[PDB]
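Listed next as structure tokens is one chain, alone, in the form deposited in one PDB entry.
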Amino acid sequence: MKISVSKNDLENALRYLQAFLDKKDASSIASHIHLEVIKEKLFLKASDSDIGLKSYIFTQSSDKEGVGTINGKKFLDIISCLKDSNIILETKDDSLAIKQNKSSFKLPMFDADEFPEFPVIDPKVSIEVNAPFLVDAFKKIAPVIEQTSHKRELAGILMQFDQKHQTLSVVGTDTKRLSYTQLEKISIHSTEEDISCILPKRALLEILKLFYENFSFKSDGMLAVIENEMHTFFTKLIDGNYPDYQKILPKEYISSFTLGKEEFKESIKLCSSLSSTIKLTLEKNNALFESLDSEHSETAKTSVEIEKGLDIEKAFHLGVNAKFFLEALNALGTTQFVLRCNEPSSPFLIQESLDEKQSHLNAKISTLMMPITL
């Protein structure tokens, strides 16, 4: 192996690959990145059976093609200490030499056959993603997903494909809040009419680092593979049947109040200094907030005026988890939000203002939430 590459190209590829390495035992191949030069490209990959990344960068010059490995952490540390000019990488019998002007480094390579095979699938489902809407939905939904949840399938995010109606539904929950969206007019190529892929939280968080728009998503009902111009990412799916979210959603809502998002954030944040739960009191022209499960002797109260009068005969009292209410508001792209309610003891919905209106670039995430009693 012998090549020249751009320092910036190489450093960037190495940063992304860090999260796929077990870095603590430097003597194990699990701490190494597999290297392969083929034609005018350097391929770098770090993976195991469950999750992995294969990246590539263009060579500036190419002299010998071949394979090798190198400790990924030490490789990034070295490159980040160099100038922004080309770097010469060259093997010397199970050792990689790294050269930039007057600086030179040797690191040992391991057997490249000890690296696991990068998997390849025959897809049952595939889409092209040319806009930010899907990763937006992933980013907005992620905070409600618990990796340690009891129900196996709730520890990841749900992607439910309806190729008949051309919708991709994206759903996450911890049983206390459920956040969802239904992305429209998605060109879904599938052998099945309805197929479900559950991505583990771990993999979801890596997808947010690696992709934005202009990538493909493919799956065979076992693995998910995602690819853009630079990267090929894969993860194993979570096996099982994610519960039907549409049967959990209430049919109708008695009341639907249009309220100020930032005003509600401020007030809830303010009251949550002393308590994880809050008592919300909605009147015709006011919203009152009080700390609820604070230690005794501690109180925090505030209110806010509602100019555009709510349809409230009396006074609606709702106990809410502060953090969960905030995160639901944080997932909304509008300046106002709709709070849809039945009784104080039953689930309530938080969603954007004009949620039925169609969007292109971003997802609209709605959140159903169990209230606190009293």
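We call the rigid core whatever largest set of C-alpha positions still superposes within 1.5 Å between the two forms. All residue numbers are counted from 1 along the displayed sequence.
The form deposited in another entry exists for this protein as well; it is not shown, and the discussion that follows is about that form.
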Which one of 109, 282, 135, 125, by Cα shift of 2 Å or more between the shown form and the other one, core superposed: 109
Is_shifted residue 156 between the shown form and the other one (CA, 2 Å cut-off, rigid core): no
Core-aligned C-alpha movement of residue 199 between the shown form and the other one reaching 2 Å: no
Residue 70 C-alpha moves between the shown form and the other one by 2 Å or more, core aligned: yes
Inter-Cα distance between residue 214 and residue 8 in that other deposited form, nearer or further [3 Å or more]: farther
